[PDB]
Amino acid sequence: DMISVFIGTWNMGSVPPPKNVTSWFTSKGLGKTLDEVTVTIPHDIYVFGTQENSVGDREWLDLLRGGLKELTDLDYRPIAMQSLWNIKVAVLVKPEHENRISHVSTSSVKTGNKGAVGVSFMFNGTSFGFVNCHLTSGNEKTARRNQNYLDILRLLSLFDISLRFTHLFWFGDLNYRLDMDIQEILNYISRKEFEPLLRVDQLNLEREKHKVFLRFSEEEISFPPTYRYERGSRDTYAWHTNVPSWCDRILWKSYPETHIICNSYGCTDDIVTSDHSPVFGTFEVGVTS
């Protein structure tokens, strides 16, 4: 059997969301987007990961539930929710999949605010893991980001979580920056040449050097850096130093010989309340039953 899993990551920048966040749910915007045909099919599982979320726990889940209801005309059932100050993750499933969910667990790890929130459950015989984080900010603090990851990986009681679930998803504001000057970054962005920028992306570099996210996978990035935008539009980056970077990412680690296909991976361009652009990721996951 096949199920559609949606993963959303968005640093809200300590402000409430706009009334229209439809593009985030429907993988509409820039990068690897879902086509106008595939968007009509509602996803089986919706996973929302947020950082710098000023909206209260109950009020935020109501907005997601209400937002999904206006889009799909379906009353999505919240399975789990874990919050750590302004970092919060929520998992909602199709009402028909209620009896298919078992062994629900939640955990939170505080760093240095900063840290992570986790959610884990089982869809029939297939186990799932979801980690929403907010790592240390700053271009020169890559060492702290690597330490933050290793700390969450060993303290999140959801022996290591890297081999605990059939499909493990790690997402959030990882805060990894570009190892390049502002002159070159804005010159490449103006020509929409993201490949030379992605070669000096700190997360891509630390993964290639096998420092962090061992045997983890990430879909190709074809969308512009999601940080740091001027609020109210997506036309200009607020750099003056916070150079444009791919801070918001979705990664996955799956068990060998399992079915997992990434259908979309990108960002929206119509949600402008935050200095961060929301990031989406959809997947076709195989379930044993």
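Each residue number is its position in the shown sequence, starting from 1.
- Missing-residue comparison: residue 163 falls in the unmodelled set for a third or more of the other PDB entries checked.
- Compared with the other entries of this protein, residue 257 is frequently left unbuilt, missing from a third or more of those that build its neighbours.
- Gap check for residue 112 to residue 113: 4 to 9 deposited residues are absent from the model.
- Per the record, residue 158 and residue 159 are separated by 4 to 9 deposited residues that are missing from the model.
- Across the two stretches, 252-260 and 44-52, the PDB entry reports the greater mean Cα temperature factor for 252-260.
- Between the stretches 180-188 and 207-215, it is 207-215 that shows the larger average CA temperature factor.
- Set against one another, the Cα B-factors of 132, 175, 202, 162 in the record reach their highest point at 162.
- Within the listed group 197, 93, 90, 84, the record reports its top CA B-factor for 84.
- Among all modelled residues in its chain, residue 228 ranks in the lowest third by Cα B-factor.
- Annotation for residue 37: C-alpha temperature factor in the highest third relative to the rest of the modelled chain, per the entry.
- Per-chain ranking of the deposited C-alpha B factor places residue 236 in the middle third.
- Ranked by C-alpha B-factor against the other modelled residues of its chain, residue 123 falls in the highest third.
- Split the chain's modelled residues into thirds by C-alpha temperature factor. Residue 4 is in the middle one.
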